[PDB]
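A single chain comes next, written as structure tokens; it is the form solved without the partner chain.
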């Protein structure tokens, strides 16, 4: 005998009509005639409230409502849904240029998930997205977003996941201190400046993806504070040396990629990568790394993938590599190494093409 709040229902009708799905205007009660993509929950007063709303062919067993490419748009009537907790738009393309609507800020405290993935949105990110105070997941992946990252993102105190990948964002990465932030994905943009220092103060971070940007400067020696960090991808930036003298506070780190920072131009101290108990993947290719292959890399226990191709490495391959039997990929090609190769028939015949040593004129046997 429960029924849906009437204004929330009429707002649902209008949202659906705006998205191209005028049929929803006919359901007598959208909350009890709940479709896949809408979720309701009742208060203590036996009245239904709309809580989640999803659009786009994310699929599953079932699919969400899709948006007519001729008619659809994001309706301001979303502001009438006072209790909305989650909003999904996935590949829901309108007719023409459309910006992220500013009125999304007007449903502030309730919203915890805002996903606007691959919708063709243009222009700058609205500043008033900062009103969504309790946001825990924000996903703006692969749009066409002008300009800078809004500073009002400082207000997302509870944010768990920030994904702005695949846009045209410019300016330096603003330095928020988000204590619960777990994933930070800003890869494939046009971001510049140094690594923000405040980055090393978000200790819940397990993933930092800054790859394919224009970030400059050195890796701050304070990344050691990120004791929960699993993946650190800084590939294809304009980073420079040196490595931090010690990387020991980075346990849980499984993958570190700096490929394509073509002016990194430092050496790898023996002391640098000691202590990384869970380091599985280390990619340092095409960064103008200088000096000799530190033998300490031999003693990394979990290491499966070691990429050092395309640098100015010189000298002997540490003979201790003879004793490494867990490497599945090891690339040393296109340097100027010079000694005799110290790998056993044992692991040479296991690794085969996944061991690259060519284009080192020095190498023997």
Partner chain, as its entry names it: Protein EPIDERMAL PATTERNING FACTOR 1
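Numbering follows the first chain given and starts at 1.
We do not show the form solved in complex with the partner chain, though everything after this point is about it.
No residue in the set 243, 266 and 277 has a non-hydrogen atom no more than 4.5 Å from the partner chain in the entry with it bound. With the partner chain omitted here, the record of contacts in the entry with it bound names 62-70 of 293-301, 62-70, 312-320, 335-343, defined by a heavy atom within 4.5 Å. Within 4.5 Å of any heavy atom of the partner chain in the entry with it bound lies no heavy atom of residue 51. In the entry with it bound, at least one heavy atom of residue 27 sits within 4.5 Å of the partner chain.
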